[PDB]
Every structure is written in C-alpha cells, then in structure tokens.
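Structure file query-v8.txt (compact mmCIF, N, CA and C atoms and all ligand atoms) follows.
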```
# COMPACT_ATOMS: atom_id res chain seq x y z
N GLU A 1 89.69 105.72 80.22
CA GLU A 1 90.79 105.33 81.15
C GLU A 1 92.15 105.43 80.45
N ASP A 2 93.16 105.93 81.16
CA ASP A 2 94.51 106.06 80.60
C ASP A 2 95.24 104.72 80.64
N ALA A 3 96.39 104.67 79.98
CA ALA A 3 97.18 103.42 79.84
C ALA A 3 97.65 102.77 81.15
N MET A 4 97.96 103.59 82.15
CA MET A 4 98.35 103.05 83.46
C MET A 4 97.19 102.26 84.09
N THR A 5 95.98 102.83 84.05
CA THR A 5 94.79 102.17 84.61
C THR A 5 94.51 100.82 83.94
N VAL A 6 94.67 100.77 82.62
CA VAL A 6 94.35 99.57 81.85
C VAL A 6 95.46 98.51 81.97
N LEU A 7 96.73 98.93 81.88
CA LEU A 7 97.86 97.99 81.59
C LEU A 7 98.93 97.80 82.67
N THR A 8 99.01 98.67 83.67
CA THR A 8 100.08 98.55 84.67
C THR A 8 99.60 97.59 85.77
N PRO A 9 100.32 96.46 85.97
CA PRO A 9 99.90 95.53 87.02
C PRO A 9 99.77 96.18 88.40
N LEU A 10 98.81 95.69 89.18
CA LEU A 10 98.64 96.16 90.55
C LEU A 10 99.75 95.60 91.43
N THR A 11 100.53 96.49 92.03
CA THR A 11 101.61 96.11 92.96
C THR A 11 101.07 95.95 94.38
N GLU A 12 101.92 95.51 95.31
CA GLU A 12 101.48 95.45 96.71
C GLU A 12 101.14 96.83 97.30
N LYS A 13 101.87 97.87 96.91
CA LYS A 13 101.54 99.24 97.33
C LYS A 13 100.20 99.70 96.75
N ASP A 14 99.95 99.38 95.48
CA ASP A 14 98.63 99.63 94.89
C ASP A 14 97.52 98.97 95.71
N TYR A 15 97.74 97.73 96.15
CA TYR A 15 96.74 96.99 96.94
C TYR A 15 96.43 97.62 98.31
N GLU A 16 97.42 98.23 98.96
CA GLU A 16 97.14 98.99 100.19
C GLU A 16 96.21 100.18 99.93
N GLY A 17 96.39 100.86 98.79
CA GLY A 17 95.48 101.91 98.34
C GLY A 17 94.06 101.44 98.02
N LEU A 18 93.94 100.29 97.36
CA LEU A 18 92.61 99.72 97.07
C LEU A 18 91.86 99.34 98.34
N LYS A 19 92.58 98.79 99.32
CA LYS A 19 91.95 98.47 100.62
C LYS A 19 91.38 99.71 101.29
N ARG A 20 92.14 100.80 101.26
CA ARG A 20 91.71 102.09 101.81
C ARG A 20 90.48 102.64 101.08
N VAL A 21 90.47 102.58 99.74
CA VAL A 21 89.31 103.06 98.96
C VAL A 21 88.07 102.25 99.34
N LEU A 22 88.22 100.93 99.38
CA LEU A 22 87.09 100.07 99.70
C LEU A 22 86.51 100.35 101.11
N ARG A 23 87.39 100.49 102.11
CA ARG A 23 86.95 100.77 103.48
C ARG A 23 86.22 102.12 103.59
N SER A 24 86.66 103.11 102.82
CA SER A 24 85.99 104.41 102.79
C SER A 24 84.56 104.28 102.29
N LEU A 25 84.36 103.49 101.23
CA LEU A 25 83.01 103.26 100.72
C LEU A 25 82.16 102.48 101.72
N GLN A 26 82.73 101.44 102.33
CA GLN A 26 82.00 100.66 103.37
C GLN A 26 81.55 101.50 104.61
N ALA A 27 82.30 102.56 104.91
CA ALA A 27 81.99 103.50 106.01
C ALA A 27 80.99 104.62 105.69
N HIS A 28 80.65 104.79 104.41
CA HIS A 28 79.80 105.91 103.96
C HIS A 28 78.35 105.69 104.43
N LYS A 29 77.70 106.79 104.82
CA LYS A 29 76.33 106.78 105.35
C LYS A 29 75.26 106.13 104.44
N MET A 30 75.44 106.25 103.12
CA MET A 30 74.52 105.71 102.11
C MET A 30 74.99 104.39 101.49
N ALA A 31 75.93 103.70 102.12
CA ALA A 31 76.46 102.42 101.60
C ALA A 31 75.63 101.21 102.04
N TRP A 32 74.72 101.38 103.02
CA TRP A 32 73.98 100.25 103.60
C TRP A 32 73.32 99.26 102.62
N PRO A 33 72.72 99.76 101.50
CA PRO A 33 72.11 98.77 100.58
C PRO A 33 73.10 97.86 99.84
N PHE A 34 74.38 98.27 99.80
CA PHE A 34 75.42 97.63 98.98
C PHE A 34 76.47 96.83 99.77
N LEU A 35 76.34 96.77 101.10
CA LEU A 35 77.36 96.14 101.93
C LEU A 35 77.44 94.62 101.74
N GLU A 36 76.28 93.99 101.50
CA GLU A 36 76.15 92.54 101.38
C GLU A 36 75.30 92.20 100.16
N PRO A 37 75.33 90.93 99.68
CA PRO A 37 74.47 90.54 98.55
C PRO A 37 72.99 90.89 98.77
N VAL A 38 72.29 91.26 97.70
CA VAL A 38 70.86 91.57 97.80
C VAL A 38 70.12 90.36 98.36
N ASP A 39 69.27 90.59 99.36
CA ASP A 39 68.45 89.54 99.97
C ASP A 39 67.25 89.25 99.06
N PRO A 40 67.13 88.00 98.55
CA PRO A 40 65.99 87.71 97.66
C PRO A 40 64.62 87.67 98.37
N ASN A 41 64.59 87.62 99.70
CA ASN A 41 63.33 87.80 100.45
C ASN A 41 62.82 89.26 100.37
N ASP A 42 63.75 90.22 100.32
CA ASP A 42 63.41 91.64 100.14
C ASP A 42 63.05 91.97 98.68
N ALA A 43 63.66 91.26 97.73
CA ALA A 43 63.42 91.46 96.30
C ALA A 43 63.35 90.10 95.56
N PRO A 44 62.19 89.40 95.65
CA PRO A 44 61.96 88.08 95.03
C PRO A 44 62.33 87.88 93.55
N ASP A 45 62.22 88.92 92.73
CA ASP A 45 62.56 88.83 91.30
C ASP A 45 64.00 89.25 90.95
N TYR A 46 64.78 89.68 91.94
CA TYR A 46 66.09 90.32 91.67
C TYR A 46 67.04 89.46 90.84
N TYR A 47 67.21 88.19 91.23
CA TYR A 47 68.21 87.30 90.59
C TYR A 47 67.76 86.72 89.24
N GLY A 48 66.48 86.89 88.92
CA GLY A 48 65.97 86.70 87.55
C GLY A 48 66.24 87.83 86.56
N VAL A 49 66.33 89.07 87.04
CA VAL A 49 66.56 90.22 86.15
C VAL A 49 68.00 90.73 86.14
N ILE A 50 68.73 90.57 87.25
CA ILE A 50 70.17 90.96 87.31
C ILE A 50 71.06 89.73 87.15
N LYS A 51 71.72 89.62 85.99
CA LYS A 51 72.47 88.41 85.67
C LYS A 51 73.85 88.35 86.33
N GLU A 52 74.48 89.51 86.58
CA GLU A 52 75.78 89.58 87.28
C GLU A 52 75.69 90.46 88.54
N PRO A 53 75.14 89.91 89.64
CA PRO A 53 75.09 90.69 90.89
C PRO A 53 76.49 91.04 91.43
N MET A 54 76.60 92.12 92.20
CA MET A 54 77.86 92.48 92.87
C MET A 54 77.55 93.30 94.13
N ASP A 55 78.46 93.22 95.11
CA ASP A 55 78.30 93.90 96.40
C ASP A 55 79.69 94.13 97.03
N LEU A 56 79.76 94.99 98.05
CA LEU A 56 81.05 95.36 98.64
C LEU A 56 81.75 94.25 99.42
N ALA A 57 80.99 93.32 100.01
CA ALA A 57 81.60 92.17 100.71
C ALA A 57 82.27 91.20 99.73
N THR A 58 81.64 90.96 98.58
CA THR A 58 82.26 90.16 97.52
C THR A 58 83.55 90.85 97.02
N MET A 59 83.51 92.16 96.84
CA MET A 59 84.72 92.91 96.47
C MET A 59 85.84 92.82 97.52
N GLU A 60 85.48 92.87 98.81
CA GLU A 60 86.47 92.73 99.88
C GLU A 60 87.15 91.36 99.85
N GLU A 61 86.36 90.30 99.67
CA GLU A 61 86.91 88.94 99.52
C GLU A 61 87.91 88.87 98.34
N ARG A 62 87.51 89.46 97.21
CA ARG A 62 88.37 89.51 96.02
C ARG A 62 89.67 90.32 96.26
N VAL A 63 89.56 91.47 96.94
CA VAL A 63 90.77 92.24 97.29
C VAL A 63 91.73 91.42 98.19
N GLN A 64 91.18 90.78 99.22
CA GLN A 64 92.01 89.99 100.15
C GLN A 64 92.76 88.85 99.44
N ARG A 65 92.09 88.22 98.48
CA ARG A 65 92.65 87.09 97.71
C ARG A 65 93.49 87.52 96.49
N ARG A 66 93.65 88.83 96.28
CA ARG A 66 94.42 89.39 95.15
C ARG A 66 93.87 88.97 93.78
N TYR A 67 92.54 88.94 93.69
CA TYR A 67 91.82 88.60 92.46
C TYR A 67 92.14 89.55 91.29
N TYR A 68 92.24 90.85 91.59
CA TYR A 68 92.41 91.89 90.55
C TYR A 68 93.86 91.98 90.11
N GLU A 69 94.08 91.95 88.79
CA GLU A 69 95.41 92.15 88.19
C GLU A 69 95.64 93.58 87.69
N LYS A 70 94.57 94.26 87.27
CA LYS A 70 94.64 95.62 86.70
C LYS A 70 93.57 96.49 87.37
N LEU A 71 93.84 97.79 87.49
CA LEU A 71 92.88 98.73 88.11
C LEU A 71 91.52 98.73 87.39
N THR A 72 91.55 98.64 86.07
CA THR A 72 90.31 98.58 85.29
C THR A 72 89.33 97.47 85.76
N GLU A 73 89.86 96.33 86.21
CA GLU A 73 89.03 95.21 86.67
C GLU A 73 88.30 95.53 88.00
N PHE A 74 89.00 96.22 88.90
CA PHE A 74 88.42 96.69 90.18
C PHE A 74 87.33 97.74 89.92
N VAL A 75 87.61 98.69 89.02
CA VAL A 75 86.62 99.71 88.66
C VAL A 75 85.36 99.08 88.03
N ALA A 76 85.56 98.05 87.19
CA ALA A 76 84.43 97.34 86.56
C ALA A 76 83.50 96.68 87.59
N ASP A 77 84.06 96.01 88.60
CA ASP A 77 83.21 95.42 89.66
C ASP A 77 82.45 96.51 90.44
N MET A 78 83.13 97.61 90.77
CA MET A 78 82.47 98.70 91.52
C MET A 78 81.33 99.32 90.71
N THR A 79 81.61 99.56 89.43
CA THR A 79 80.61 100.15 88.53
C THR A 79 79.38 99.25 88.36
N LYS A 80 79.59 97.93 88.36
CA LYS A 80 78.50 96.95 88.31
C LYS A 80 77.51 97.12 89.49
N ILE A 81 78.02 97.41 90.68
CA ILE A 81 77.14 97.66 91.84
C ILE A 81 76.14 98.80 91.52
N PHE A 82 76.65 99.90 90.99
CA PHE A 82 75.81 101.10 90.77
C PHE A 82 74.89 100.92 89.54
N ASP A 83 75.43 100.33 88.46
CA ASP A 83 74.61 100.09 87.26
C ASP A 83 73.46 99.09 87.51
N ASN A 84 73.73 98.01 88.26
CA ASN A 84 72.69 97.04 88.64
C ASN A 84 71.56 97.79 89.38
N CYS A 85 71.95 98.67 90.31
CA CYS A 85 70.99 99.41 91.14
C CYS A 85 70.09 100.37 90.34
N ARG A 86 70.70 101.12 89.43
CA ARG A 86 69.94 102.03 88.57
C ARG A 86 69.07 101.34 87.53
N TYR A 87 69.42 100.11 87.13
CA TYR A 87 68.59 99.31 86.20
C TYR A 87 67.42 98.64 86.91
N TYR A 88 67.65 98.08 88.09
CA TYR A 88 66.59 97.35 88.82
C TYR A 88 65.54 98.28 89.44
N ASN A 89 65.99 99.38 90.02
CA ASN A 89 65.13 100.27 90.82
C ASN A 89 64.67 101.50 90.00
N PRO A 90 63.46 102.03 90.29
CA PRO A 90 63.02 103.25 89.58
C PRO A 90 63.80 104.50 90.00
N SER A 91 63.82 105.52 89.14
CA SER A 91 64.64 106.72 89.37
C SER A 91 64.24 107.53 90.61
N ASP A 92 63.01 107.35 91.11
CA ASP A 92 62.57 108.02 92.36
C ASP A 92 62.69 107.22 93.69
N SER A 93 63.31 106.05 93.64
CA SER A 93 63.47 105.21 94.83
C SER A 93 64.69 105.65 95.63
N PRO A 94 64.68 105.42 96.96
CA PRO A 94 65.87 105.73 97.79
C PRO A 94 67.12 104.88 97.43
N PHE A 95 66.91 103.68 96.89
CA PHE A 95 68.02 102.84 96.41
C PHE A 95 68.77 103.53 95.26
N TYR A 96 68.01 104.05 94.30
CA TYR A 96 68.58 104.80 93.16
C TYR A 96 69.38 106.03 93.62
N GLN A 97 68.82 106.79 94.56
CA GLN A 97 69.49 107.96 95.15
C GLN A 97 70.82 107.60 95.81
N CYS A 98 70.84 106.50 96.57
CA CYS A 98 72.09 106.01 97.23
C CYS A 98 73.20 105.68 96.20
N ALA A 99 72.81 105.08 95.09
CA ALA A 99 73.74 104.81 93.98
C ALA A 99 74.39 106.09 93.39
N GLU A 100 73.56 107.11 93.17
CA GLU A 100 74.02 108.43 92.68
C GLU A 100 75.07 109.04 93.61
N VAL A 101 74.75 109.06 94.90
CA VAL A 101 75.65 109.64 95.93
C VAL A 101 76.96 108.85 96.07
N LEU A 102 76.84 107.53 96.20
CA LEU A 102 78.01 106.70 96.45
C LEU A 102 78.93 106.62 95.21
N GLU A 103 78.36 106.62 94.00
CA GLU A 103 79.22 106.65 92.80
C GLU A 103 80.04 107.94 92.68
N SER A 104 79.42 109.09 92.99
CA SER A 104 80.15 110.38 93.01
C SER A 104 81.33 110.35 94.00
N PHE A 105 81.08 109.76 95.17
CA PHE A 105 82.10 109.59 96.21
C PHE A 105 83.23 108.64 95.75
N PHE A 106 82.86 107.52 95.13
CA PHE A 106 83.84 106.59 94.54
C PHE A 106 84.76 107.29 93.52
N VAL A 107 84.17 108.08 92.63
CA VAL A 107 84.96 108.83 91.64
C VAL A 107 85.97 109.77 92.30
N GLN A 108 85.55 110.49 93.35
CA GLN A 108 86.48 111.37 94.09
C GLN A 108 87.66 110.57 94.65
N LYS A 109 87.36 109.44 95.29
CA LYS A 109 88.39 108.59 95.90
C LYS A 109 89.30 107.92 94.86
N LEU A 110 88.70 107.50 93.75
CA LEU A 110 89.44 106.88 92.64
C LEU A 110 90.45 107.84 91.99
N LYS A 111 90.01 109.08 91.74
CA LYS A 111 90.93 110.12 91.27
C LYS A 111 92.11 110.34 92.22
N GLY A 112 91.83 110.35 93.52
CA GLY A 112 92.88 110.43 94.54
C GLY A 112 93.88 109.27 94.46
N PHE A 113 93.35 108.05 94.34
CA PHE A 113 94.19 106.85 94.18
C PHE A 113 95.08 106.91 92.92
N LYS A 114 94.49 107.28 91.79
CA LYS A 114 95.25 107.36 90.54
C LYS A 114 96.40 108.37 90.63
N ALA A 115 96.15 109.51 91.28
CA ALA A 115 97.18 110.53 91.49
C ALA A 115 98.35 110.01 92.33
N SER A 116 98.05 109.28 93.39
CA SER A 116 99.07 108.70 94.28
C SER A 116 99.94 107.62 93.63
N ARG A 117 99.40 106.91 92.63
CA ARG A 117 100.17 105.91 91.86
C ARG A 117 101.29 106.59 91.08
N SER A 118 100.93 107.63 90.32
CA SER A 118 101.82 108.25 89.33
C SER A 118 102.88 109.16 89.94
N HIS A 119 102.56 109.81 91.06
CA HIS A 119 103.51 110.67 91.78
C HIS A 119 103.48 110.38 93.28
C1 LIG B 201 70.79 97.15 96.31
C2 LIG B 201 69.38 96.81 95.93
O1 LIG B 201 68.99 96.94 94.77
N1 LIG B 201 68.58 96.36 96.94
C3 LIG B 201 67.17 96.31 97.01
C4 LIG B 201 66.34 97.00 96.12
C5 LIG B 201 64.97 96.92 96.24
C6 LIG B 201 64.38 96.16 97.25
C7 LIG B 201 62.89 96.11 97.31
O2 LIG B 201 62.23 95.92 96.30
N2 LIG B 201 62.32 96.29 98.51
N3 LIG B 201 60.94 96.32 98.62
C8 LIG B 201 60.14 95.34 99.10
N4 LIG B 201 58.90 95.73 99.02
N5 LIG B 201 58.90 97.01 98.45
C9 LIG B 201 60.14 97.34 98.21
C10 LIG B 201 65.20 95.47 98.13
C11 LIG B 201 66.58 95.55 98.02
```
Conversion result in structure tokens:
Amino acid sequence: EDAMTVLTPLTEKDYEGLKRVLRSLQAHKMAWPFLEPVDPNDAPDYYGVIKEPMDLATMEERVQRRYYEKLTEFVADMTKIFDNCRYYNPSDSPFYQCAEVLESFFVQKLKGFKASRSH
C-alpha cells in the first residue's frame, strides 16, 4: 500500500466513495454468504475456529458511524471477510469460490476509488 492509503485521513468525500464501494459489493450476485454474520446453526464450530469474524453488515454499521480513520483500516476489515472464508472452508466448496470472485471484484473497485482520491 502507498503512503496515501496508509496515512491520509479519510475525508467526507472519501466516505461517499467508501459507501459506493460497499453498496457495489452488497449488490454482487456472489455476496450472499457475506451479507450478515455467519449463522452458528449453519456452522456449529465456526466461532470456535474463527477468532475475528467479519461481515458486510458490520462494515456498513462502521461506515455509517465513521469508525475508519485511514483507508488501510477499511481494507483490513474487507480482507478479513475473505481470509476467514478461505481458512474455514475447503478449496472445493461454493463458499471458497464466492470469496475468490468477490475479492477480485473488490480489488477492481478499490483501484477505482484510489484513482479518484488522487486526481
Ligand atoms: C461465510 C461462511 O463461511 N459461511 C458458511 C460456511 C459454511 C457453512 C456450512 O458448513 N454449511 N453446512 C452445513 N452442513 N454442511 C454444510 C455455513 C456457512
């Protein structure tokens, strides 16, 4: 990550861009497993093996409350969603596949956001 991503405070204009990035991910066809916290009835052992869970609704709450001070902090929460998924689930599961697709999409949108900040 470059110096702007790590050290430049998030402005109100930056926050309008983060809201747009988040809504794009929430609208994606393969986002369904990540929209809300993992249901422990669907995965009884999940909260014993994943110590820092994360999901898109928790991120939306944090964006609305202006939790994030730097872009790096927002990227870290998003990356946690995909890393948790690839660690918990086997490489041939549909959950793992959704993580691969949605992370590629996040990177495309994130590059777009970074470009709009600087120029
Ligand atoms: C985002 C995420 O990781 N969610 C998630 C992953 C795996 C299951 C799961 O194990 N479902 N299941 C029940 N019986 N066989 C398979 C449920 C939810």
Counting all atoms listed in the file, which protein, DNA or RNA residues come within 5 Å of ligand LIG 201 (chain B), given as a PyMOL selection string? chain A and resi 33+42-43+85
Per residue of region 16-76 of chain A within 9 Å of region 97-100 of chain A, record the nearest atom pair and its distance in Å to one decimal, counting only C-alpha atoms, with rows in chain order and ascending residue number, as CSV.
```
residue,atom,partner,partner_atom,distance
A:30,CA,A:98,CA,5.5
A:31,CA,A:98,CA,7.1
A:32,CA,A:98,CA,8.8
A:33,CA,A:98,CA,8.0
A:34,CA,A:99,CA,8.9
```
Please list as a ChimeraX atom specification every residue within 7 Å of residue 57 (chain A), counting all atoms listed in the file and excluding residues in the same chain fewer than 4 positions away. /A:34-37,61-62
One decimal, in Å: what's the spacing between CA of residue 101 (chain A) and CA of residue 86 (chain A)? 12.0 Å
CA of residue 27 (chain A) to atom N of residue 14 (chain A): how many Å, to one decimal?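 Result for CA of residue 27 (chain A) versus atom N of residue 14 (chain A): 21.2 Å, one decimal.
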Which residue is closest to residue 65 (chain A)? Choose from A:108, A:47, A:114, A:19 and count only C-alpha atoms.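 Smallest separation from residue 65 (chain A) among the options: A:19.
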Restricting the calculation to only C-alpha atoms, which member of A:38, A:60, A:93, A:119 is positioned closest to residue 20 (chain A)?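 Closest to residue 20 (chain A), using only C-alpha atoms: A:60.
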Measuring atom to atom with only N, CA and C atoms, identify which of A:15, A:2, A:107, A:118 is nearest to residue 63 (chain A).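 Looking only at the distances to residue 63 (chain A), the closest residue turns out to be A:15.
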Given only N, CA and C atoms as the basis, pick out the residue of A:48, A:17, A:40, A:53 nearest to residue 80 (chain A). A:53
As an exercise, work out the distance from CA of residue 90 (chain A) to atom C of residue 23 (chain A) in Å and give it to one decimal place.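 Separating CA of residue 90 (chain A) from atom C of residue 23 (chain A) is a distance of 27.1 Å.
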List as JSON, numbers by chain the residues having at least one atom at most 6.5 Å from position (85.6, 95.5, 93.4) as given in the file, counting only N, CA and C atoms. {"A": [58, 59, 60, 73, 74, 75, 76, 77, 78]}
Could you list, as a PyMOL selection string, every residue within 8 Å of residue 9 (chain A), counting all atoms listed in the file and ignoring same-chain residues fewer than 4 positions away? chain A and resi 4-5+14+68-71
For the selection just defined, write its residues with N, CA and C atoms to a file, as a PDB file, keeping the file's coordinate frame.
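out_17.pdb, written as the output of this step:
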```
ATOM      1  N   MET A   4      97.960 103.590  82.150  1.00  0.00           N
ATOM      2  CA  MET A   4      98.350 103.050  83.460  1.00  0.00           C
ATOM      3  C   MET A   4      97.190 102.260  84.090  1.00  0.00           C
ATOM      4  N   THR A   5      95.980 102.830  84.050  1.00  0.00           N
ATOM      5  CA  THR A   5      94.790 102.170  84.610  1.00  0.00           C
ATOM      6  C   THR A   5      94.510 100.820  83.940  1.00  0.00           C
ATOM      7  N   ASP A  14      99.950  99.380  95.480  1.00  0.00           N
ATOM      8  CA  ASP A  14      98.630  99.630  94.890  1.00  0.00           C
ATOM      9  C   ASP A  14      97.520  98.970  95.710  1.00  0.00           C
ATOM     10  N   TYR A  68      92.240  90.850  91.590  1.00  0.00           N
ATOM     11  CA  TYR A  68      92.410  91.890  90.550  1.00  0.00           C
ATOM     12  C   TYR A  68      93.860  91.980  90.110  1.00  0.00           C
ATOM     13  N   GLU A  69      94.080  91.950  88.790  1.00  0.00           N
ATOM     14  CA  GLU A  69      95.410  92.150  88.190  1.00  0.00           C
ATOM     15  C   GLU A  69      95.640  93.580  87.690  1.00  0.00           C
ATOM     16  N   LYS A  70      94.570  94.260  87.270  1.00  0.00           N
ATOM     17  CA  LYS A  70      94.640  95.620  86.700  1.00  0.00           C
ATOM     18  C   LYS A  70      93.570  96.490  87.370  1.00  0.00           C
ATOM     19  N   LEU A  71      93.840  97.790  87.490  1.00  0.00           N
ATOM     20  CA  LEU A  71      92.880  98.730  88.110  1.00  0.00           C
ATOM     21  C   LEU A  71      91.520  98.730  87.390  1.00  0.00           C
TER      22      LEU A  71
END
```
Measuring atom to atom with all atoms listed in the file, identify which of A:110, A:50, A:102, A:6 is nearest to residue 21 (chain A). A:110
Of the candidates A:91, A:13, A:104, A:84, which shows the shortest atom-to-atom distance to residue 52 (chain A), using only N, CA and C atoms?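 Going through A:91, A:13, A:104, A:84 one by one, the smallest distance to residue 52 (chain A) is for A:84.
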Could you rebuild region 93-107 of chain A with N, CA, C and O atoms and give me the result as a PDB file, keeping the file's coordinate frame?
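rebuild.pdb, written as the output of this step:
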```
ATOM      1  N   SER A  93      63.310 106.050  93.640  1.00  0.00           N
ATOM      2  CA  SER A  93      63.470 105.210  94.830  1.00  0.00           C
ATOM      3  C   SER A  93      64.690 105.650  95.630  1.00  0.00           C
ATOM      4  O   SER A  93      65.644 106.176  95.060  1.00  0.00           O
ATOM      5  N   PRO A  94      64.680 105.420  96.960  1.00  0.00           N
ATOM      6  CA  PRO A  94      65.870 105.730  97.790  1.00  0.00           C
ATOM      7  C   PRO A  94      67.120 104.880  97.430  1.00  0.00           C
ATOM      8  O   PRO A  94      68.240 105.346  97.600  1.00  0.00           O
ATOM      9  N   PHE A  95      66.910 103.680  96.890  1.00  0.00           N
ATOM     10  CA  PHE A  95      68.020 102.840  96.410  1.00  0.00           C
ATOM     11  C   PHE A  95      68.770 103.530  95.260  1.00  0.00           C
ATOM     12  O   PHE A  95      69.983 103.585  95.265  1.00  0.00           O
ATOM     13  N   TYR A  96      68.010 104.050  94.300  1.00  0.00           N
ATOM     14  CA  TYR A  96      68.580 104.800  93.160  1.00  0.00           C
ATOM     15  C   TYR A  96      69.380 106.030  93.620  1.00  0.00           C
ATOM     16  O   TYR A  96      70.490 106.261  93.128  1.00  0.00           O
ATOM     17  N   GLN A  97      68.820 106.790  94.560  1.00  0.00           N
ATOM     18  CA  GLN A  97      69.490 107.960  95.150  1.00  0.00           C
ATOM     19  C   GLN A  97      70.820 107.600  95.810  1.00  0.00           C
ATOM     20  O   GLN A  97      71.809 108.310  95.640  1.00  0.00           O
ATOM     21  N   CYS A  98      70.840 106.500  96.570  1.00  0.00           N
ATOM     22  CA  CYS A  98      72.090 106.010  97.230  1.00  0.00           C
ATOM     23  C   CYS A  98      73.200 105.680  96.200  1.00  0.00           C
ATOM     24  O   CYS A  98      74.358 106.018  96.412  1.00  0.00           O
ATOM     25  N   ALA A  99      72.810 105.080  95.090  1.00  0.00           N
ATOM     26  CA  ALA A  99      73.740 104.810  93.980  1.00  0.00           C
ATOM     27  C   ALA A  99      74.390 106.090  93.390  1.00  0.00           C
ATOM     28  O   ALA A  99      75.604 106.111  93.146  1.00  0.00           O
ATOM     29  N   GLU A 100      73.560 107.110  93.170  1.00  0.00           N
ATOM     30  CA  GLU A 100      74.020 108.430  92.680  1.00  0.00           C
ATOM     31  C   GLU A 100      75.070 109.040  93.610  1.00  0.00           C
ATOM     32  O   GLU A 100      76.133 109.476  93.162  1.00  0.00           O
ATOM     33  N   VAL A 101      74.750 109.060  94.900  1.00  0.00           N
ATOM     34  CA  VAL A 101      75.650 109.640  95.930  1.00  0.00           C
ATOM     35  C   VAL A 101      76.960 108.850  96.070  1.00  0.00           C
ATOM     36  O   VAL A 101      78.061 109.433  96.006  1.00  0.00           O
ATOM     37  N   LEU A 102      76.840 107.530  96.200  1.00  0.00           N
ATOM     38  CA  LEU A 102      78.010 106.700  96.450  1.00  0.00           C
ATOM     39  C   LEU A 102      78.930 106.620  95.210  1.00  0.00           C
ATOM     40  O   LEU A 102      80.150 106.637  95.365  1.00  0.00           O
ATOM     41  N   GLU A 103      78.360 106.620  94.000  1.00  0.00           N
ATOM     42  CA  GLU A 103      79.220 106.650  92.800  1.00  0.00           C
ATOM     43  C   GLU A 103      80.040 107.940  92.680  1.00  0.00           C
ATOM     44  O   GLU A 103      81.211 107.884  92.298  1.00  0.00           O
ATOM     45  N   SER A 104      79.420 109.090  92.990  1.00  0.00           N
ATOM     46  CA  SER A 104      80.150 110.380  93.010  1.00  0.00           C
ATOM     47  C   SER A 104      81.330 110.350  94.000  1.00  0.00           C
ATOM     48  O   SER A 104      82.419 110.842  93.709  1.00  0.00           O
ATOM     49  N   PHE A 105      81.080 109.760  95.170  1.00  0.00           N
ATOM     50  CA  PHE A 105      82.100 109.590  96.210  1.00  0.00           C
ATOM     51  C   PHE A 105      83.230 108.640  95.750  1.00  0.00           C
ATOM     52  O   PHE A 105      84.420 108.956  95.909  1.00  0.00           O
ATOM     53  N   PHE A 106      82.860 107.520  95.130  1.00  0.00           N
ATOM     54  CA  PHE A 106      83.840 106.590  94.540  1.00  0.00           C
ATOM     55  C   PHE A 106      84.760 107.290  93.520  1.00  0.00           C
ATOM     56  O   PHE A 106      85.969 107.121  93.545  1.00  0.00           O
ATOM     57  N   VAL A 107      84.170 108.080  92.630  1.00  0.00           N
ATOM     58  CA  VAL A 107      84.960 108.830  91.640  1.00  0.00           C
ATOM     59  C   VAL A 107      85.970 109.770  92.300  1.00  0.00           C
ATOM     60  O   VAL A 107      87.118 109.841  91.853  1.00  0.00           O
TER      61      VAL A 107
END
```
